[PDB]
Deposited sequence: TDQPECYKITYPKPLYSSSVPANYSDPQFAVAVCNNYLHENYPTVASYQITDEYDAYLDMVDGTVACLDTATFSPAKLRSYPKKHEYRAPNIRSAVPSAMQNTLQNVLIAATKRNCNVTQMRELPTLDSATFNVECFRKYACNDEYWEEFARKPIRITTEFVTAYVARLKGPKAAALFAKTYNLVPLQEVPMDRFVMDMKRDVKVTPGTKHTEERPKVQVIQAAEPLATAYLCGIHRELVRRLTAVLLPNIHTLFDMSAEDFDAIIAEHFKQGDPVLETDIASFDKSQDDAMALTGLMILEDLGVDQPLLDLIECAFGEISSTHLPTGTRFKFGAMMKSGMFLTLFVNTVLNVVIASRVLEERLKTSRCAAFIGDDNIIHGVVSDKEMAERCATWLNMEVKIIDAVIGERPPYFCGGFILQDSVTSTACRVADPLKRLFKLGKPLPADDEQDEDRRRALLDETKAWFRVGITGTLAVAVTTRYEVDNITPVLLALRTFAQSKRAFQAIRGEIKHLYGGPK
């Protein structure tokens, strides 16, 4: 090997190197984004036990749906912003027209089979704008009612008036108004959840604001013994290899009121935390700007989940008694796959999305790391967390944290209460054996309940 002479050069101060690295990642967002963003997402999802339990905002959107399946998030928001730049510029159609035709057809299927047409005109003439009242109530929910008074008087906020954009973005960049920007983008997610709920048909449910019991009420009413349940597994399908998926989410976001001034605010805010790469610290800071992007990513992922179901199922989704969506997980009641349905899923995404047929009682439907089982005493269907996935998750080595250990124990205590319902334990062990081809899980249910009983017993999981 013949190498040319290597002569390196450096800056006079390490702080100049820190700023250069942060400025580079800031200047090249959203073209590239560090995988530490999605890695911080995964660390937060795994900590709070799944997507539905990842609701800890000041104002959201009785425990939540807790899943032990490890998270593998992808920066869907970054790809949406990339599609916004390729659309604002690049008027030259470099075969982005077939991407445009595909995304247009996706929005067509989404509207035809999953939506009403009542609110599209209102959202077009009234884009999403966050008012002074929300951002003041947002800070009041965190730092007290008085700190919200200083919040409004510091940034000169007028009551019952939309927060002017010139207060936190100019020349863009967040101009030292970090708590105002974070407050604004928390209201965008709240309005996006409210507006999506308004357009979706009543038989189509998104699990943003839904407790475990409130979701069980929907399951108990619509899911009976012998009822077929369809499932579209999209977890293995990467959205980045479809520019139409990112363009589809962008169009639906725009259809909901995310106009160009809003996208510029979103791209500017999330290009700023990409400039918080260095210094790293010892652990993820788990900030509110990080959470806002996770929820926006989760929102777009959930919408694209409904889109995929709308195009594949067509009228079968519209006539379904009950269809639930959150993240990439979904169940659709009373639909059995056919040849024309499996073909549409094949010629569209190849063999990247599968169709799973399940029945209440014999082939247990799976949803958010849990089984849809029917109680053998009340004959009412419900969702029961996967005990095998919980056992796998409990093997993760963790540093000592007495507060988080109590949260993990109380979360396991709640899961064991559902496992030992006298009408659940039998059919649960049948479901685990049916799904995983393993031996009877009941002795593990016994052992897991031992750990959850007391704080002293939970210590045996970590040991000494």
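Student: Compare the deposited sequence with the modelled residues and state the ranges that are missing C-alpha positions.
Tutor: Missing from the model are residues 1-13, 75-88, 199-218, 512-520.
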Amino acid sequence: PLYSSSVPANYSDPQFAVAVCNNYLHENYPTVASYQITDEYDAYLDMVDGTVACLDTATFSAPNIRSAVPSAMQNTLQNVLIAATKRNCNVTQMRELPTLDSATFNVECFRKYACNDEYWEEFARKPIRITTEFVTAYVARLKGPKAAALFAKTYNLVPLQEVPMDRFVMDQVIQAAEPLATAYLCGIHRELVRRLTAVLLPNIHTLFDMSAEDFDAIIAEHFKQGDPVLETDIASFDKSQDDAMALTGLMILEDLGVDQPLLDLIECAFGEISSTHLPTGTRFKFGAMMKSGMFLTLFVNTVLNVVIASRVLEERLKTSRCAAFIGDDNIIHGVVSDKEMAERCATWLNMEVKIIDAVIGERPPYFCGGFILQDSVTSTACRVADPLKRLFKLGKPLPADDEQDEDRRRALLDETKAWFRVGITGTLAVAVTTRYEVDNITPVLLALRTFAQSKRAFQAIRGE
From here on, numbers count along this sequence of modelled residues.
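Student: Comparing 211-219 with 109-117, which stretch shows the greater average C-alpha B-factor in the deposited entry?
Tutor: 211-219 has the higher mean C-alpha B-factor.
Student: Identify the stretch, either 220-228 or 382-390, whose C-alpha atoms have the larger mean B-factor according to the entry.
Tutor: The entry gives the higher C-alpha B-factor average to 220-228.
Student: Specify which of 125, 311, 195, 239 carries the largest Cα B factor in the deposited PDB entry.
Tutor: Highest C-alpha B-factor among the listed options: 239.
Student: With respect to the C-alpha temperature factors reported in the PDB entry, which of 315, 352, 329, 255 ranks highest?
Tutor: Going by the entry's C-alpha B-factors, 352 comes out highest.
Student: Could you say whether, by C-alpha temperature factor, residue 150 belongs to the lowest, middle or highest third of its chain?
Tutor: For residue 150, the deposited C-alpha B-factor lands in the highest third.
Student: Among all modelled residues of this chain, ranked by Cα B factor, put residue 292 in the bottom, middle or top third, i.e. lowest, middle or highest.
Tutor: Ranked within chain, residue 292 CA B lands in the middle tercile.
Student: What third of the chain does residue 20 rank in for C-alpha temperature factor, lowest, middle or highest?
Tutor: Answer is lowest: the recorded C-alpha B-factor places it there.
Student: What third of its chain, lowest, middle or highest, does the C-alpha temperature factor of residue 362 fall into?
Tutor: For residue 362, whose C-alpha B-factor we compare with every modelled residue in the chain, the answer is the highest third.
Student: Looking at the temperature factor on the CA atom of residue 434, which third of the chain's modelled residues does it land in?
Tutor: Lowest third.
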